[PDB]
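This document opens with one chain alone, in structure tokens, the form deposited in one PDB entry.
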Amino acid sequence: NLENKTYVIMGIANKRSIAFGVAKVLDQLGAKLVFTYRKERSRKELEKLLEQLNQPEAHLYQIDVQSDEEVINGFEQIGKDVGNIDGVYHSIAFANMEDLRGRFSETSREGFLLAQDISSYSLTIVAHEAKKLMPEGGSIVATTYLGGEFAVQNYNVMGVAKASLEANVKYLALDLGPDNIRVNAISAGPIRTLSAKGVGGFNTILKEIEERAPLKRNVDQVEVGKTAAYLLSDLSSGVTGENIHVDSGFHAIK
């Protein structure tokens, strides 16, 4: 039960965003949500999607995580508008499409660093700023992929960005632990999203999960949302620094 609880959800672009599944779960559990978006269309999209929720009002903040000042001001404004929060769901990543296919060894410096910046560093600065809104502690959750642990065909630069994310999560857990802020990751199995269209060979992976994973089926955004609710609530007190795979057990086999 998340009544009298408030969470900031970053990275909804449409009905299929992993963060929207996260949203519906927390909303149904009675949380107040605040949403952050980058693109104009994500705001319109958000405004439509909010009609399905019970958020009696639309708390939306444009924040591009490439900008220090947008992150800083955005969280500062959230604090002014809504008060202290109980944690943050981070669901933001980027890499250039050319980098998401062919040969990882041909990755450009620019593309390699862009992926790191958006897909990893953004968690560091979000945590720093979000912490100011969590004086009695809280919970931060980032979304990763098994590609950060093993080399997966095509995932390429986003793999090294996710490995960076996953260690980012461990170092934040250690740094923020004394402040009672837990930091974890959900390693989601493959799910059809706007971002997923950009990754080479996505559909082959979908079928292989079905064939080979212990549960013999793919996961949906709501399954990630249910594990988000656990990690964002007191049910997961004692757990920090962790990466929980919500992937039908695929991580555990070979």
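We number the residues from 1 along the sequence you see. Here the rigid core means the biggest group of C-alpha atoms that line up within 1.5 Å when the two forms are laid on top of each other.
Another form exists, deposited in another entry; not displayed. Remarks below refer to it.
- After superposition on the rigid core, the C-alpha displacement between the shown form and the other one reaches 2 Å or more for just one residue among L29, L46, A213, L53, namely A213.
- Compared with the form shown here, the Cα atoms of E242 and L215 move at least 3 Å farther apart in that other deposited form.
- Whereas the shown form places them at one spacing, the Cα atoms of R41 and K15 lie at least 3 Å farther apart in that other deposited form.
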